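>>> Pasting an experimental structure with its sequence.
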Amino acid sequence: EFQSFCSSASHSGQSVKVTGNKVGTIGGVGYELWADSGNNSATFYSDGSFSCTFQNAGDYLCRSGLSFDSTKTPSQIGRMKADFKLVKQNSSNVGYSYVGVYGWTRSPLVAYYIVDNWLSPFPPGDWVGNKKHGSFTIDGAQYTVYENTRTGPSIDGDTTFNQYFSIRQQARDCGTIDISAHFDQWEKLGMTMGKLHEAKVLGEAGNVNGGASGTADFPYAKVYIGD
């Protein structure tokens, strides 16, 4: 059984269409489009919702939600949640994908993913991290938790950082991600959050061989501090 926005979601508010790599705000929501290559775009709305198009991309990320000043941990900020509705549309040669919540902390520098769905034919697998913590009940569903160490571009420049993942075992295309509940479970497993830099709804599609194309719609997406 489902929330009312799953039935009644639609894009509203002012919009911005970007086609180059860009971080910005639309109304009071923060957005970012980033891709390595291809003919890509994203349209971000002030109600939080957004739509994404990628063509011949290696790695494409469209995301919208919260941006912070990296001064406060999640517990100092308050409990956080993300409502989303994903509508998958056509795609081709999508070798990997994450859909759900993505963000960063500082001190420690960490990138984190709460993955409820994927635009690829199969969910991301064991390849996402070197440590597989196992299966956990988080926010009323089964998630596989992983941790990794990655070297590459980050919010600090090119460096190394930890990554935390929760990968949902059964895809969800509409509901509420209790972001802070994942933070709580991660802490029990020795995966500590630093000062929060962002928490955004993400659609990422890629292919290690290039050539990923498709579109995805998020007629609802809203990240908030509450409940």
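Received the coordinates, thanks. Numbers count the residues shown, from 1 in each chain.
>>> what comes into contact with the longest helix belonging to the chain?
The residue-count maximum for a helix in the chain (DSSP state H) belongs to helix 179-188. With contact meaning CB atoms under 8 Å, 6 or more residues apart in numbering, helix 179-188 is reached by 74, 79-82, 101, 112, 114, 136, 138-139, 143, 145, 164, 166, 192-193, 199, 223. The way it works is simple: take the backbone N, C-alpha and C, and place the C-beta from them, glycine included.
>>> Quick check on the residues you listed: which are buried?
The neighbour count (16 or more other CB atoms under 10 Å) marks 74, 79-82, 101, 112, 114, 136, 138-139, 143, 145, 164, 166, 193, 199, 223 as buried among the contacts of helix 179-188.
>>> Sitting in helices, which of those do you find?
Those of the buried ones among the contacts of helix 179-188 lying in helices (DSSP H): residue 74.
>>> Narrow the buried ones among the contacts of helix 179-188 to those in strands?
Among these, the ones falling in strands (DSSP state E) are 80-82, 101, 112, 114, 136, 138, 143, 145, 164, 166, 199, 223.
>>> and the two most separated of the residues you listed?
136 and 223 (22.3 Å; CB to CB).
>>> buried stuff in stretch 176-194?
176-186, 191, 193-194.
>>> What of stretch 108-125?
109-120, 123-124.
>>> Dump the residues you listed into JSON lines; add distance to residue 2 as well.
Formatted as JSON lines, those follow (distance: CB to CB, whole Å):
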{"residue": "109", "distance to residue 2": "37"}
{"residue": "110", "distance to residue 2": "32"}
{"residue": "111", "distance to residue 2": "30"}
{"residue": "112", "distance to residue 2": "26"}
{"residue": "113", "distance to residue 2": "23"}
{"residue": "114", "distance to residue 2": "19"}
{"residue": "115", "distance to residue 2": "20"}
{"residue": "116", "distance to residue 2": "14"}
{"residue": "117", "distance to residue 2": "15"}
{"residue": "118", "distance to residue 2": "20"}
{"residue": "119", "distance to residue 2": "21"}
{"residue": "120", "distance to residue 2": "24"}
{"residue": "123", "distance to residue 2": "21"}
{"residue": "124", "distance to residue 2": "25"}
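>>> Thank you, goodbye.
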